[PDB]
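Shown next: upload.pdb, given as PDB, C-alpha atoms and all ligand atoms.
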ATOM      1  CA  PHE A   1      81.524  27.425  91.989  1.00  0.00           C
ATOM      2  CA  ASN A   2      81.597  25.439  88.724  1.00  0.00           C
ATOM      3  CA  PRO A   3      78.115  24.657  87.342  1.00  0.00           C
ATOM      4  CA  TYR A   4      79.556  22.084  84.911  1.00  0.00           C
ATOM      5  CA  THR A   5      81.106  19.882  87.598  1.00  0.00           C
ATOM      6  CA  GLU A   6      78.320  20.630  90.100  1.00  0.00           C
ATOM      7  CA  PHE A   7      75.427  19.869  87.721  1.00  0.00           C
ATOM      8  CA  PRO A   8      76.930  17.614  85.030  1.00  0.00           C
ATOM      9  CA  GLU A   9      73.418  16.530  83.995  1.00  0.00           C
ATOM     10  CA  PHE A  10      72.741  20.031  82.581  1.00  0.00           C
ATOM     11  CA  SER A  11      73.585  20.712  78.954  1.00  0.00           C
ATOM     12  CA  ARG A  12      75.386  23.936  78.119  1.00  0.00           C
ATOM     13  CA  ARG A  13      72.155  25.190  76.481  1.00  0.00           C
ATOM     14  CA  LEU A  14      70.103  24.507  79.617  1.00  0.00           C
ATOM     15  CA  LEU A  15      72.733  26.260  81.744  1.00  0.00           C
ATOM     16  CA  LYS A  16      72.491  29.375  79.645  1.00  0.00           C
ATOM     17  CA  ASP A  17      68.747  29.252  79.557  1.00  0.00           C
ATOM     18  CA  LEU A  18      68.709  29.187  83.350  1.00  0.00           C
ATOM     19  CA  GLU A  19      71.286  31.993  83.492  1.00  0.00           C
ATOM     20  CA  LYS A  20      69.001  33.962  81.147  1.00  0.00           C
ATOM     21  CA  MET A  21      66.005  33.279  83.467  1.00  0.00           C
ATOM     22  CA  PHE A  22      67.891  34.117  86.654  1.00  0.00           C
ATOM     23  CA  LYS A  23      69.060  37.454  85.195  1.00  0.00           C
ATOM     24  CA  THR A  24      65.531  38.242  83.908  1.00  0.00           C
ATOM     25  CA  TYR A  25      64.080  38.113  87.430  1.00  0.00           C
ATOM     26  CA  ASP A  26      66.996  39.642  89.379  1.00  0.00           C
ATOM     27  CA  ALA A  27      65.348  43.009  88.776  1.00  0.00           C
ATOM     28  CA  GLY A  28      67.748  44.830  91.128  1.00  0.00           C
ATOM     29  CA  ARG A  29      70.791  43.248  89.462  1.00  0.00           C
ATOM     30  CA  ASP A  30      72.601  42.339  92.687  1.00  0.00           C
ATOM     31  CA  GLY A  31      73.154  38.687  91.731  1.00  0.00           C
ATOM     32  CA  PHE A  32      70.354  37.276  93.907  1.00  0.00           C
ATOM     33  CA  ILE A  33      66.608  36.708  93.608  1.00  0.00           C
ATOM     34  CA  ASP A  34      64.959  37.870  96.852  1.00  0.00           C
ATOM     35  CA  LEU A  35      61.436  37.222  98.162  1.00  0.00           C
ATOM     36  CA  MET A  36      60.074  40.250  96.331  1.00  0.00           C
ATOM     37  CA  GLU A  37      61.592  39.280  93.035  1.00  0.00           C
ATOM     38  CA  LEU A  38      60.515  35.641  93.463  1.00  0.00           C
ATOM     39  CA  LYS A  39      57.007  36.959  94.186  1.00  0.00           C
ATOM     40  CA  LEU A  40      56.950  38.679  90.790  1.00  0.00           C
ATOM     41  CA  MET A  41      58.386  35.580  89.046  1.00  0.00           C
ATOM     42  CA  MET A  42      55.669  33.259  90.393  1.00  0.00           C
ATOM     43  CA  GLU A  43      52.941  35.760  89.427  1.00  0.00           C
ATOM     44  CA  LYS A  44      54.338  36.034  85.902  1.00  0.00           C
ATOM     45  CA  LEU A  45      54.698  32.260  85.603  1.00  0.00           C
ATOM     46  CA  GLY A  46      51.023  31.662  86.454  1.00  0.00           C
ATOM     47  CA  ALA A  47      51.655  30.196  89.952  1.00  0.00           C
ATOM     48  CA  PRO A  48      51.329  33.030  92.513  1.00  0.00           C
ATOM     49  CA  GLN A  49      52.438  32.164  96.046  1.00  0.00           C
ATOM     50  CA  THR A  50      51.690  33.355  99.542  1.00  0.00           C
ATOM     51  CA  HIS A  51      54.327  35.252 101.475  1.00  0.00           C
ATOM     52  CA  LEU A  52      55.038  32.304 103.737  1.00  0.00           C
ATOM     53  CA  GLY A  53      54.834  29.942 100.766  1.00  0.00           C
ATOM     54  CA  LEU A  54      57.583  31.969  99.065  1.00  0.00           C
ATOM     55  CA  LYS A  55      59.650  31.882 102.283  1.00  0.00           C
ATOM     56  CA  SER A  56      59.241  28.105 102.381  1.00  0.00           C
ATOM     57  CA  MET A  57      60.362  27.808  98.721  1.00  0.00           C
ATOM     58  CA  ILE A  58      63.552  29.781  99.335  1.00  0.00           C
ATOM     59  CA  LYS A  59      64.197  27.913 102.589  1.00  0.00           C
ATOM     60  CA  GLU A  60      64.234  24.554 100.735  1.00  0.00           C
ATOM     61  CA  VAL A  61      67.344  25.555  98.765  1.00  0.00           C
ATOM     62  CA  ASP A  62      68.860  28.411 100.824  1.00  0.00           C
ATOM     63  CA  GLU A  63      72.205  26.729 101.497  1.00  0.00           C
ATOM     64  CA  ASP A  64      73.873  29.902 102.834  1.00  0.00           C
ATOM     65  CA  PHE A  65      70.881  30.862 105.013  1.00  0.00           C
ATOM     66  CA  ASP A  66      70.559  34.450 103.719  1.00  0.00           C
ATOM     67  CA  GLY A  67      66.863  34.521 102.719  1.00  0.00           C
ATOM     68  CA  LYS A  68      67.492  34.998  98.985  1.00  0.00           C
ATOM     69  CA  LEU A  69      68.543  32.877  95.995  1.00  0.00           C
ATOM     70  CA  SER A  70      72.046  32.823  94.593  1.00  0.00           C
ATOM     71  CA  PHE A  71      72.475  31.531  91.060  1.00  0.00           C
ATOM     72  CA  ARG A  72      73.829  28.196  92.324  1.00  0.00           C
ATOM     73  CA  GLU A  73      70.812  27.757  94.604  1.00  0.00           C
ATOM     74  CA  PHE A  74      68.580  28.757  91.681  1.00  0.00           C
ATOM     75  CA  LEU A  75      70.197  25.983  89.616  1.00  0.00           C
ATOM     76  CA  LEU A  76      69.728  23.629  92.600  1.00  0.00           C
ATOM     77  CA  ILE A  77      65.956  24.137  92.296  1.00  0.00           C
ATOM     78  CA  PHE A  78      66.020  22.702  88.763  1.00  0.00           C
ATOM     79  CA  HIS A  79      68.412  19.933  89.747  1.00  0.00           C
ATOM     80  CA  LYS A  80      66.002  18.689  92.422  1.00  0.00           C
ATOM     81  CA  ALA A  81      63.062  18.958  90.000  1.00  0.00           C
ATOM     82  CA  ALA A  82      64.811  16.872  87.338  1.00  0.00           C
ATOM     83  CA  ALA A  83      66.019  14.364  89.960  1.00  0.00           C
ATOM     84  CA  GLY A  84      62.523  13.780  91.382  1.00  0.00           C
ATOM     85  CA  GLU A  85      63.326  15.429  94.714  1.00  0.00           C
ATOM     86  CA  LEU A  86      60.556  18.040  94.970  1.00  0.00           C
ATOM     87  CA  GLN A  87      57.186  17.176  96.463  1.00  0.00           C
ATOM     88  CA  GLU A  88      54.338  17.259  93.961  1.00  0.00           C
ATOM     89  CA  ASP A  89      52.758  20.199  95.846  1.00  0.00           C
ATOM     90  CA  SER A  90      55.917  22.326  96.071  1.00  0.00           C
ATOM     91  CA  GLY A  91      55.902  25.852  94.715  1.00  0.00           C
ATOM     92  CA  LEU A  92      59.467  25.069  93.626  1.00  0.00           C
ATOM     93  CA  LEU A  93      57.993  22.420  91.308  1.00  0.00           C
ATOM     94  CA  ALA A  94      55.492  24.918  89.927  1.00  0.00           C
ATOM     95  CA  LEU A  95      58.472  27.197  89.326  1.00  0.00           C
ATOM     96  CA  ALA A  96      60.361  24.558  87.321  1.00  0.00           C
ATOM     97  CA  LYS A  97      57.362  23.281  85.344  1.00  0.00           C
ATOM     98  CA  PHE A  98      56.018  26.745  84.461  1.00  0.00           C
ATOM     99  CA  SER A  99      59.422  28.190  83.485  1.00  0.00           C
ATOM    100  CA  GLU A 100      58.902  26.700  79.990  1.00  0.00           C
ATOM    101  CA  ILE A 101      62.629  26.026  80.019  1.00  0.00           C
ATOM    102  CA  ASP A 102      63.849  22.652  78.548  1.00  0.00           C
TER     103      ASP A 102
HETATM  104 CA    CA B 201      67.949  41.017  93.130  1.00  0.00          CA
HETATM  105 CA    CA B 202      71.017  32.060  99.590  1.00  0.00          CA
HETATM  106 ZN    ZN B 203      58.130  37.643 106.214  1.00  0.00          ZN
END
Would you give me this structure, written as structure tokens?
Amino acid sequence: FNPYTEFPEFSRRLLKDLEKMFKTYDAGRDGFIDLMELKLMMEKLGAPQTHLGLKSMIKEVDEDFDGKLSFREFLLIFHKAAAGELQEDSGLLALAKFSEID
């Protein structure tokens, strides 16, 4: 996985910022953000989600079908947001907008 060829529209600064955010919320430090971690991220960001809402969020970008978020799938969230691909009511969009990244 190469984030520079995969997401060429992301500056180096933005990549690091997102790496910083991913690491912040991977509380267990296993390299993934799972439903429990994502629950705590949405609470902290001011956009708390229901348990099925959080499952729906992950599902949207869970390209390896494992229930949790790899870094690349995390980045994919922000790609979609910046490309106009998230619905206006998506918790993923609340994630991107309330990250105060950018
Ligand atoms: Ca984790
Ligand atoms: Ca996954
Ligand atoms: Zn469940």
Selected by the PyMOL selection byres (((not hetatm)) within 9 of (chain B and resi 203)) in the shown coordinates: which residues, as number ranges by chain?
-> A: 35, 51-52, 55
Go ahead and write the residues just picked, C-alpha atoms, as a short mmCIF file (atom, residue, chain, number, x, y, z; two decimals), in the coordinates of the input.
data_model
loop_
_atom_site.label_atom_id
_atom_site.label_comp_id
_atom_site.auth_asym_id
_atom_site.auth_seq_id
_atom_site.Cartn_x
_atom_site.Cartn_y
_atom_site.Cartn_z
CA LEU A 35 61.44 37.22 98.16
CA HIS A 51 54.33 35.25 101.48
CA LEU A 52 55.04 32.30 103.74
CA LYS A 55 59.65 31.88 102.28
#
Contact residues around residue A:75 with only C-alpha atoms at 9 Å, ignoring same-chain residues under 6 positions, as number ranges by chain = A: 3, 7, 15, 18-19, 22
Distance filter 9 Å around ligand CA 202 (chain B), atoms: all atoms listed in the file, out as a VMD selection string = chain A and resid 32 to 34 58 to 59 61 to 74
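Counting only C-alpha atoms and comparing A:60, A:37, A:8, A:31, the residue that lies closest to residue A:86 is A:60.
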Using only C-alpha atoms, can you list as a ChimeraX atom specification the residues within 8 Å of (65.2, 22.7, 83.3)?
-> /A:14,18,78-79,81-82,96,99,101-102
Exercise: residue A:83 partners within 12 Å, all atoms listed in the file, chain neighbours under 6 positions left out, as a ChimeraX atom specification = /A:7,9-10,76-77,93,96
Would you list the contacts of residue A:41 as a PyMOL selection string, taking every protein, DNA or RNA residue within 9 Å and counting all atoms listed in the file, but skipping same-chain residues closer than 5 positions in sequence?
-> chain A and resi 25+36+46-48+95
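Atom to atom, atom CA of residue A:88 and atom CA of residue A:20 stand 25.7 Å apart.
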Judged by all atoms listed in the file, the minimum distance to ligand CA 201 (chain B) among A:27, A:56, A:11, A:21 is found for A:27
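The space between atom CA of residue A:13 and atom CA of residue A:54 spans 27.7 Å.
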Å distance separating atom CA of residue A:100 from atom CA of residue A:84, one decimal place | 17.6 Å
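When all atoms listed in the file are used to measure the gap to ligand CA 201 (chain B), the shortest distance among A:40, A:92, A:57, A:45 belongs to A:40.
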Quick one: of A:23, A:80, A:44, A:97, who's nearest to ligand CA 201 (chain B), counting only C-alpha atoms and all ligand atoms?
-> A:23
